[PDB]
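Asker: Before I ask anything, here is the structure I am working with.
All of the numbers you see were taken from the coordinates with simple rules; none came from a lab. Note that we place each Cβ from the backbone using ideal geometry, even for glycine, and neighbour counts take in every protein chain shown.
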Amino acid sequence: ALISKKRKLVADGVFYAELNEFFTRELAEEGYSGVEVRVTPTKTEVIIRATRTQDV
Amino acid sequence: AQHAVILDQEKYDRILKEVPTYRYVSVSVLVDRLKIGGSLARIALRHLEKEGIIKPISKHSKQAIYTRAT
Amino acid sequence: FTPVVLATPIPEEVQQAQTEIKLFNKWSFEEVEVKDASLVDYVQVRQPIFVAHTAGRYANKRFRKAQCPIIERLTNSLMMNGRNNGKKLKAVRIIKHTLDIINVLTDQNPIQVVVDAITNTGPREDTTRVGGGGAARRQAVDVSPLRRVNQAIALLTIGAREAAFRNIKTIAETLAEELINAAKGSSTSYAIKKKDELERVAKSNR
Amino acid sequence: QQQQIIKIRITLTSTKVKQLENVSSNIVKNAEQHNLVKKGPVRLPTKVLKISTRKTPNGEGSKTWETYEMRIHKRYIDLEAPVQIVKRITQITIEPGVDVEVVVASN
Amino acid sequence: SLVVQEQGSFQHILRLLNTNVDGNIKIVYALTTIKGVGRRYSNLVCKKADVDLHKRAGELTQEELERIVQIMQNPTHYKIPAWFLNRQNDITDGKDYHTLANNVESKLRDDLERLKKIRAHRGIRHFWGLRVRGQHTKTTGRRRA
Amino acid sequence: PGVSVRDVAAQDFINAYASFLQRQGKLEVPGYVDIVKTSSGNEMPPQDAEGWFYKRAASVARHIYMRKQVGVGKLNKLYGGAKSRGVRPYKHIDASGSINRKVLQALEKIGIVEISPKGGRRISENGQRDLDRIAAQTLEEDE
Amino acid sequence: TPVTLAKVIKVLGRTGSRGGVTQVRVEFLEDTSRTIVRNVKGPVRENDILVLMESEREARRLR
Amino acid sequence: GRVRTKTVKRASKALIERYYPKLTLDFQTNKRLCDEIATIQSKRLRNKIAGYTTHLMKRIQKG
Amino acid sequence: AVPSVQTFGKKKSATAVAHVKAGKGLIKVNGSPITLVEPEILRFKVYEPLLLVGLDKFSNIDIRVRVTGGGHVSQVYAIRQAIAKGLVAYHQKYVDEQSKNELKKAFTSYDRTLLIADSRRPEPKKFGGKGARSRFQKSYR
RNA sequence: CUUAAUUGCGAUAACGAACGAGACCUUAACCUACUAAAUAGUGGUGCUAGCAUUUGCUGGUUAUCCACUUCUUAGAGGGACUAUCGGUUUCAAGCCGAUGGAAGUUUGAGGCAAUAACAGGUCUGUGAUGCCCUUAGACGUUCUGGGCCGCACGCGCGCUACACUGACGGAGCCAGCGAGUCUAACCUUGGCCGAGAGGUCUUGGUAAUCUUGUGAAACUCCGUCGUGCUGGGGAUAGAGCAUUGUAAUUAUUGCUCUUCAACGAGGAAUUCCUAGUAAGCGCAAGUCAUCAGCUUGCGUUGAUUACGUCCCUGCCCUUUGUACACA
C-alpha cells in the first residue's frame, strides 16, 4: 500500500533513530537507557524510565 | 595477388594433379604450396570435389584438411 | 544388441565399444601398448580421459600436479598473448582436431601419444639459475619426478606456435606435425631449441 | 457470518531467525490445537540489503571499503485464518518491528 | 570465388577517376576508394543495380561504369530515402546535397568562412586551431601537442 | 516410434527445412529489404543476396515449440554483436527495431502466427501442419 | 649414454642463495657399492629416478 | 601449521579428571564425552578438544 | 501418484534436481534426444555414468530432469550426477546389497566426480582492486 | 626445536595469570530426514491437437485431485580431526610419502581487531569549538549566468588498437550479482508507427509471481577476405535525426553519412601476481533528471613460471657499539 516491504521495513528504523534522539536531545539530562519496546495499533503506549521522570 | 594466392591461371593442370604423393594439405597449407591461397583456397575442392581423388575428411570453419583418398 | 523403447531412438555403430569395456566410444583407443622408457609411471591412460574436462583439483599441492592427466597436459598448454586468454573450450575440439591429423599420420592411440614425445625431443634434465654470481653459470640440475612433464610439454607447444601468427597457419592446424616431431623429429618445430641453448651449459661445465 | 472461514493468508513481517518464531508460533499452535488440515508455512527467503561506502569521513588515506548486510526472514501461511486469530493482534502479540500484516488470497 | 576463367578481359590496374583500380579484389571493393566514398555504400554502389555480386571486380565494365558517375552525383534518382546523405539544408536553399570528391572541403570551409566573420564560439577555435568539439585541453598538450 | 519436434534438430534443420522451402514464391520484400544494416549498431547488412528471411522469420516457428511465447522486443534483444562503439569497450546492445518486426507482417500469411491474450505469441498446430508431417521423411534423411 | 638411473632414497630439502638448487643423495640401479654426491632440480618426492648427464663428477656448494 | 591451542591446557586436565578408561579409536564417545562434560559453545569444541585426545591417548598405550 | 524423489544434485548454476518417474529411457533435459546432445565435442560427459551398469537400465526408469541456468559445460557434467542418481536411487533399497557389491561395482571404479556434491568455488573478489587477488597501481611519487 | 603466531613442547628465580594470535561470526564447504510452500514448480493429473498409432512432446482448466520439498529453504544438528599406515624427531611438540574423500592452505575469502602513540587529516557531514571582516558594500544569501572543463609545458590512474585468432553477417540465445512505482511514476514485456535513436496503444508487480532463464559478451557452427599507416586505428572535423530537463551555446547525450590523426609493442626506470589464479571479455548497483572510459558487488571459458630464498628492498627478535635522545 504505496510503501514496499523490502526497501521500507528499514523505514521503521527511523523510529529507532528520530525517536531515540527526540526523547533526549533537548532532554540530554533525562537519564534514558532503553524503554521496554512496545507498540499497539492506532496508538503507541508510552512509559518513562530514566533519571528525571519527575522534574519535567 | 602477387605470389600464388588467387588463381595462377596458366597452370590449370596443377589443380588436376592436386596430391603429388603429398598427403598433408589443407586450406591452411595451400597458400605457400605455390598454388591457390586463402582467398581462393577452395577452388581445388570446387574443381575436383564430388567423385574422384578428393574426399572430405575435415570439418572446421574456413579451414579444411583434404587428402588423396585410399 | 539391446535397443530400447522410447521416442528418441539410438544409433548402432558406437557404444558397443563402450558397454563392453570402460574405454573409448568410436575410435580404437583400445588395447595398444606403451613404449615406456625412463619417466616410469607417467601414464594416466587406463583409466584415461576422452576429452580434457575431467573434474578434480590438481595444482596447489604440487605433488599431485602429476596426477593431472598426462593426455590433458598438451591440451593445457597452448593459448597466450592477448588473443586467446580464456576461451580454453577451444582446446576441447583441438583434442579430436589433433586426433584428426594424427589419424592420417601415425595414429598411435593415447598409450603412445605422450610417452613418445619427451624421450628423444625434450629434456631428461633441467638447467635452473642458482648460478653463484656475476655471470650466472646455471646448475644443470637434472630430472626430478616432476621435471619430465611441465616445461617439457607446456613450452614446446608455445615456441612451436611462433609461425602460427602473422600469416596463414592456424594454432589448431600447426599441431599437424609437432607431436610427431616431438615423437620423432629433426626440428621442423621447436624440439631442439630447449636442448640447444640450455645444454651448452649442461654438457661438461658441471 | 460466524465460523465459516474465509481463507486468509496468515503472514508476519520481521527480521530475526527465531523471534518471528516466537510470534509466528502464536498462530502455528493456535491454528492446529483445533486441528485444521495444513499445507502451511512458507519461509520468505533471506534478502540482503547491501550498501557500499568508503570507511573514511575525508577522502584522504587508504580508501578502504566497509560493507553492509541484512537478512529479511518472513513467513506466510497458505491456510484459513480463523476468527480467533484475526483481531488477536490488536491488543496482544504485537511488538515494534513485528508489524503483523495479514495479506488476503483465496481463489 | 566462384567458377572462374579469368583471362585478360578482366580489368587490371588502371586509373578510374584518380584510383588505380584493384580489379583482383572483390566487387565490393571495386570503387570504394575515393574521398567522398566511404566503405559504407560498398553495398549501395551495387545493391540492386542488377550486377552479380559473388564475382570479383572485373565486372562493372567501362560503360557500365557510367552509372557510377551519376548514381553518386544524383542521390535521389535511384530512390534512396535521403537518410544516406551528408549535407542537407545548408545555407542557401534548404535541400539535399551529396558532397562529392572535389566538394569535400569546397563547401565545409564556406560554412567555416561563414563563421570566421560572425563572431561565434566555434569560429575562434578553427583558424586559431583549437579542439572545439569537447576536449579538455590542459592535459591535452603533452604528447599530441 | 512417436515423434516430437523436440526430437528434431534445429541447427542444420533450417539448412534442410526452411531452406528447402527457399523459393515458396511469396517474396515479401517491403522496401526496407537489404538497404538497412539490420542491427542498430552493427555496420554491415547481409551481403549474400540469398536468404536471411527464413533465417529470421522461420527460425521462430520451431523455436516457439521449444517454449511458450516471444515477441519482437525479444527479437531485437537477440542478435546484437559487438557495437561500433568509439574508443571504448564494446557491448551487446539490441538489433534493429522496425526491420525484424517484418515477421509481424511476414508470418501473418502462414498460420504459425496466432496472437494470444496475456500478450505475446500463441502457436497453434499449424506448425504441426508443416513440420510434424515432415517428421516422417526428412528425419530419416539425416543418418 | 654416460647417464645412470638412480633412486633418491632420502630427501634433504634444497639450498641456494636464490632458492632453486638442491641437496640430494643417489642410490643407483646398477653398479651398487658405489655412490657419488650429486644434485637435482627441485620438487622431488621419495625413491625416484635421477638420470644424470655426467659420468662421475661432483657439484656441491650451493650459493 | 598444525599445533596445539590455549584450550589444550584444559583439554588435558578435565580429560583425565575422571575419564581415562574410555575414548579409544572409536569416535562416538569422542563427542558424547563433550556434550556432558562441556556445555557446547561451538560444535567445533569437539574439533578443538577431542581432535588430539586419541593421538594423546596413543601416547598412553606406548608408555 | 508417486511423490517425487529427493535424490538430488547441485552445481554452479545447474541444479540437477534428480527426479525419477516410471519411465522408458529418455535421455534428455526433459526435451532433447540422444543425437541432439551434440556440441560435437561435449557429447559423452552427459552419458558415461549412464553406460556403466549396461546399455539400458531402462526397463522401469528414464532420466527426467530439467535445468535452467548454465555456462557452456556447466550443465553437461552437472546432470551426470543426476544421471547417476537417477539410476541407483532405488537399487539401494529394492534390490539388495549383494546386487550393489557384486553388480554395482560398476558404480565404483569410474567415479569421476559423480556423487560428489561440489567443493570447488571461485572466491568472491576483494575490495581495493579489479581482480580476485590482483591489485591496483602504486607509483610511489 | 616446530608453528601463520610470545601459538606450543620444554629448560628455568620464577610462580600463577590477562589481553593480543587462535577461539569469535558470516559466506561459498551437505542432508535417501520431517512440521512447508498457486509469491518456484515436479509424478499421475479432466484432458485435449497433431504425429506415431507404445499414458510418448507441447497448453490450460489463478483449486481437477493432489504427495506436497528434492532447487530459495534452516528449526537445528551432524560429518574430517593430516584423518589412517611407512619414514622421520629427544620418541614428545612436530614434519613429510601413499590411501580414503560432500569434506586434507588455518574449512576459501572476509567480519571488529592489543599496549602505546603520529603536531597524518576532516572547524568541507553539521548555526560543536576561543580568532577576525561581521550588519546596511557582504570575503553571504534571491537570481541572469559565468567559473570549477579555462591552456604555453610537465606527472599519475585508466580506455582503444601497434596489424591473418585481424576484420564482417546469419542457426543454438547460455549465465551470475543484485535493483525496481506514490500522491504520481521506476522497472517496463506484448501490439501498431519509424531504418536507428525512439513515438505511441497497452500489460504485470510495492515484491522467488512481473520486467528476467536479465535471451550478456566471449563462444558453440558456417560463408568472406590478404599482410598495406589495408576494409588495423577512430582521434579530429563537417552536415542531419530523437530524447532528459525550464532551458545542451563551450556540442549532456544515443543514432545517420562524409573526413579516416598518430603509431608499427616503447630507454633510463617501474606496478601487480604461486591455481579457478593471472591475463582477456562482459553483467547489475553508486552518484543518477540527463551522462560511465571510474568505483561496489558478480559470471564465462581456464596457461606460464617459480610451492623455495634472504640476493635487492623491507620487517620483528637476540648479541654488540654509540659522545644519539626533536633519536
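Asker: State the number of residues belonging to segment F:33-61 that are among the hydrophobic types (A, V, I, L, M, F, W, C), surrounded by 13 or more Cβ atoms within 10 Å (Cβ to Cβ) and within 13 Å of chain E (Cβ to nearest Cβ).
Answerer: 4
Asker: Conditions: (1) out of contact with any strand residue (DSSP E or B) (no Cβ under 8 Å at 6 or more places or on another chain); (2) surrounded by 15 or more Cβ atoms within 10 Å (Cβ to Cβ). F:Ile64 meets all but one. Number of the miss?
Answerer: Of everything listed in (1) out of contact with any strand residue (DSSP E or B) (no Cβ under 8 Å at 6 or more places or on another chain); (2) surrounded by 15 or more Cβ atoms within 10 Å (Cβ to Cβ), F:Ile64 misses just condition (1).
Asker: Which one of these is within 14 Å of another protein chain (Cβ to nearest Cβ) and part of a loop (DSSP other than H, G, I, E, B): C:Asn103, C:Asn60?
Answerer: Working: C:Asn103 fails: part of a loop (DSSP other than H, G, I, E, B).
Matching residue, one of C:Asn103, C:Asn60: C:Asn60.
Asker: State which residue is farthest from the chain's Cα centre (by Cα) when the search covers only segment I:83-141 and only residues that are more than 30 Å from I:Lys28 (Cα to Cα) and of a type in the set (D, E, K, R).
Answerer: Taking segment I:83-141 first, the residues more than 30 Å from I:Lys28 (Cα to Cα) are I:98, I:123-141.
Then drop every residue that is not of a type in the set (D, E, K, R), which leaves I:123, I:125-126, I:130, I:133, I:135, I:138, I:141.
Numbers: I:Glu123: 22, I:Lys125: 27, I:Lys126: 31, I:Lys130: 33, I:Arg133: 31, I:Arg135: 36, I:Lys138: 45, I:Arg141: 54 Å.
It comes out as I:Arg141.
Asker: Restricting to segment A:1-27, what's the tally of residues that are assigned to a helix (DSSP H, G or I) and either within 10 Å of the chain's Cα centre (by Cα) or away from RNA strand J (no atom under 15 Å from the Cβ) (or both)?
Answerer: First, the residues of segment A:1-27 that are assigned to a helix (DSSP H, G or I): A:11-16, A:19-22.
Now restrict to residues that are either within 10 Å of the chain's Cα centre (by Cα) or away from RNA strand J (no atom under 15 Å from the Cβ) (or both): A:13-16, A:19-22.
Total meeting the criteria: 8.
Asker: Sticking with this structure for a sec: Which of the numbered conditions does C:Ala59 fail, given that it passes all the others? Conditions: (1) loosely packed, with under 13 Cβ neighbours inside 10 Å; (2) closer than 25 Å to I:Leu114 by Cβ; (3) hydrophobic (A, V, I, L, M, F, W, C); (4) more than 8 Å from RNA strand J (Cβ to nearest atom).
Answerer: For C:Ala59, the failing item is (4).
Asker: Quick one: in segment I:87-141, which of the residues that are among the polar types (S, T, N, Q) and either closer than 30 Å to D:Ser52 by Cα or part of a loop (DSSP other than H, G, I, E, B) (or both) is farthest from RNA strand J (Cβ to nearest atom)?
Answerer: First, pick out the residues of segment I:87-141 that are among the polar types (S, T, N, Q): I:92, I:98-99, I:101, I:108-109, I:113, I:119, I:134, I:137, I:139.
With the extra rule that they be either closer than 30 Å to D:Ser52 by Cα or part of a loop (DSSP other than H, G, I, E, B) (or both), the set shrinks to I:92, I:108-109, I:113, I:119, I:134, I:137, I:139.
Values: I:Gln92: 5, I:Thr108: 8, I:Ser109: 9, I:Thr113: 7, I:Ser119: 4, I:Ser134: 3, I:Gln137: 4, I:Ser139: 3 Å.
The qualifying residue farthest from RNA strand J (Cβ to nearest atom) is I:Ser109.
Asker: Quick one: what pairs do we get from segment D:60-82, first residue closer than 30 Å to D:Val28 by Cα, second within 8 Å of RNA strand J (Cβ to nearest atom) and of a type in the set (S, T, N, Q), C-beta under 8 Å, 6+ apart or different chains?
Answerer: D:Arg71/D:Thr46; D:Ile72/D:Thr46; D:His73/D:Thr46; D:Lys74/D:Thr11; D:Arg75/D:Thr11; D:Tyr76/D:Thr11; D:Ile77/D:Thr11
Asker: When E:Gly23 is evaluated against the numbered criteria (1) more than 11 Å from chain F (Cβ to nearest Cβ); (2) within 12 Å of RNA strand J (Cβ to nearest atom); (3) more than 23 Å from B:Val5 (Cα to Cα), which criterion, by number, is the only one it fails?
Answerer: Of (1) more than 11 Å from chain F (Cβ to nearest Cβ); (2) within 12 Å of RNA strand J (Cβ to nearest atom); (3) more than 23 Å from B:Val5 (Cα to Cα), only one is false for E:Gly23: (3).
Asker: Since I:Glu38 meets every condition but one in (1) within 14 Å of chain C (Cβ to nearest Cβ); (2) not in a loop (DSSP other than H, G, I, E, B), which condition does it not meet?
Answerer: The single condition I:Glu38 does not satisfy is (2).
Asker: Identify all residues within segment F:100-116 that are free of Cβ contacts under 8 Å to residues at least 40 places away in the same chain, near RNA strand J (Cβ under 9 Å from one of its atoms) and not in a strand (DSSP E or B); write none if there are none.
Answerer: Answer for segment F:100-116, where residues must be free of Cβ contacts under 8 Å to residues at least 40 places away in the same chain, near RNA strand J (Cβ under 9 Å from one of its atoms) and not in a strand (DSSP E or B): F:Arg101, F:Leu104, F:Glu108.
Asker: Also, I was wondering about something else. If only one of C:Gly159, C:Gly185 is free of Cβ contacts under 8 Å to residues at least 60 places away in the same chain, away from chain G (no Cβ under 12 Å) and touching a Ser or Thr at 6+ places or on another chain (Cβ under 9 Å), which one is it? Break it down into steps so the answer makes sense when it comes.
Answerer: Numbers: C:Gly185 fails: free of Cβ contacts under 8 Å to residues at least 60 places away in the same chain.
C:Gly159 is the lone residue from the list that is free of Cβ contacts under 8 Å to residues at least 60 places away in the same chain, away from chain G (no Cβ under 12 Å) and touching a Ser or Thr at 6+ places or on another chain (Cβ under 9 Å).
Asker: Kindly indicate which of C:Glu13, C:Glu31 is more than 7 Å from every other protein chain (Cβ to nearest Cβ), closer than 27 Å to I:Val73 by Cβ and either in a loop (DSSP other than H, G, I, E, B) or in contact with a helix residue (DSSP H, G or I) (Cβ under 9 Å, 6 or more places away or on another chain) (or both). So that I can check it myself, show each step before the final result.
Answerer: On the way: C:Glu31 fails: closer than 27 Å to I:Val73 by Cβ.
Only one candidate qualifies: C:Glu13.
Asker: From C:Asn181, C:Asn150, grab the single residue that is within 8 Å of RNA strand J (Cβ to nearest atom) and out of contact with any helix residue (DSSP H, G or I) (no Cβ under 7 Å at 6 or more places or on another chain). Walk me through how you get there before you give the answer.
Answerer: Working: C:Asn181 fails: within 8 Å of RNA strand J (Cβ to nearest atom).
None of the other options fit; the residue is C:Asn150.
Asker: In segment G:16-56, what count of residues is obtained for those that are under 19 Å from C:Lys203 (Cα atoms), more than 7 Å from chain C (Cβ to nearest Cβ) and surrounded by 11 or more Cβ atoms within 10 Å (Cβ to Cβ)?
Answerer: Total meeting the criteria: 3.
Asker: Can you tell me how many residues within segment G:23-60 are over 11 Å from the mean Cα position of the chain (by Cα) and of a type in the set (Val, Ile, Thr)?
Answerer: 1
Asker: Quick one: how many residues across segment C:100-152 are under 16 Å from G:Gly19 (Cα atoms) and small (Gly, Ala, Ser)?
Answerer: Qualifying residue count, segment C:100-152: 6.
Asker: Which of the residues that make up segment I:58-83 are out of contact with any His (no Cβ under 9 Å at 6 or more places or on another chain), part of a loop (DSSP other than H, G, I, E, B) and within 11 Å of another protein chain (Cβ to nearest Cβ)?
Answerer: I:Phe58, I:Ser59, I:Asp62, I:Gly71, I:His72, I:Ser74, I:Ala78
Asker: Would you pick out the residues in segment D:51-86 that are assigned to a loop (DSSP other than H, G, I, E, B) and under 22 Å from A:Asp12 (Cα atoms)? If you could, list the steps in order and put the result at the bottom.
Answerer: Initially, segment D:51-86 is screened for residues assigned to a loop (DSSP other than H, G, I, E, B), giving D:51-52, D:55-64, D:67-73, D:78-82.
Once the filter is applied, which keeps residues that are assigned to a loop (DSSP other than H, G, I, E, B) and under 22 Å from A:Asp12 (Cα atoms), segment D:51-86 yields D:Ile51, D:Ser52, D:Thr67, D:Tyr68, D:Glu69, D:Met70, D:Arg71, D:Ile72, D:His73.
Asker: If you don't mind, another one. I'm told C:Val143 meets every condition in (1) within 11 Å of another protein chain (Cβ to nearest Cβ); (2) surrounded by fewer than 22 Cβ atoms within 10 Å (Cβ to Cβ) except one. Can you identify the failing condition by its number?
Answerer: (2)
Asker: Tell me, which residue of segment D:18-58 that is of a type in the set (A, V, I, L, M, F, W, C) and within 6 Å of RNA strand J (Cβ to nearest atom) is surrounded by the fewest Cβ atoms within 10 Å (Cβ to Cβ)?
Answerer: Taking segment D:18-58 first, the residues of a type in the set (A, V, I, L, M, F, W, C) are D:20, D:23, D:27-28, D:31, D:36-37, D:42, D:44, D:48-49, D:51.
With the extra rule that they be within 6 Å of RNA strand J (Cβ to nearest atom), the set shrinks to D:42, D:44, D:48-49.
Details: D:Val42: 13, D:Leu44: 17, D:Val48: 10, D:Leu49: 13.
Looking at residues that are of a type in the set (A, V, I, L, M, F, W, C) and within 6 Å of RNA strand J (Cβ to nearest atom), I get D:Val48.
Asker: Something else: Criterion first (away from chain C (no Cβ under 12 Å) and within 15 Å of RNA strand J (Cβ to nearest atom)) does B:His60 satisfy it? Walk me through it before giving the result.
Answerer: Numbers: away from chain C (no Cβ under 12 Å): no; within 15 Å of RNA strand J (Cβ to nearest atom): yes.
No; evaluated as a whole, the condition is false for this residue.
Asker: Got a sec? Which of F:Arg67, F:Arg62, F:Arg85 is near RNA strand J (Cβ under 7 Å from one of its atoms) and under 30 Å from C:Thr8 (Cα atoms)? Reasoning before the result, please.
Answerer: Details: F:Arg62 fails: near RNA strand J (Cβ under 7 Å from one of its atoms); F:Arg85 fails: under 30 Å from C:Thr8 (Cα atoms).
Going through F:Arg67, F:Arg62, F:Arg85 in turn, the sole match is F:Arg67.
Asker: Still on this model: Select from segment E:29-63 the residues that are among the acidic types (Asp, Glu) and surrounded by 12 or more Cβ atoms within 10 Å (Cβ to Cβ) and list them in ascending order. Show your work before the answer.
Answerer: Quick first cut of segment E:29-63, residues among the acidic types (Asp, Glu) only: E:50, E:52, E:59, E:63.
Result: E:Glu59, single match.
Asker: A follow-up question, please. So is D:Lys87 over 27 Å from A:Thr40 (Cα atoms), among the basic types (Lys, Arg) and over 13 Å from the mean Cα position of the chain (by Cα) or not? Let's see the steps before the verdict.
Answerer: Details: over 27 Å from A:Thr40 (Cα atoms): no; among the basic types (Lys, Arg): yes; over 13 Å from the mean Cα position of the chain (by Cα): yes.
No: the conditions fail for D:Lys87.
Asker: Another question, then. Are any residues in segment F:15-48 on the phi > 0 side of the Ramachandran plot and without any contact (Cβ under 8 Å) to a residue 60 or more places away in the chain, and if so, which ones?
Answerer: We begin by selecting, within segment F:15-48, every residue on the phi > 0 side of the Ramachandran plot; these are F:25, F:28, F:31, F:34, F:38.
Once the filter is applied, which keeps residues that are on the phi > 0 side of the Ramachandran plot and without any contact (Cβ under 8 Å) to a residue 60 or more places away in the chain, segment F:15-48 yields F:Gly25, F:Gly31, F:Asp34.
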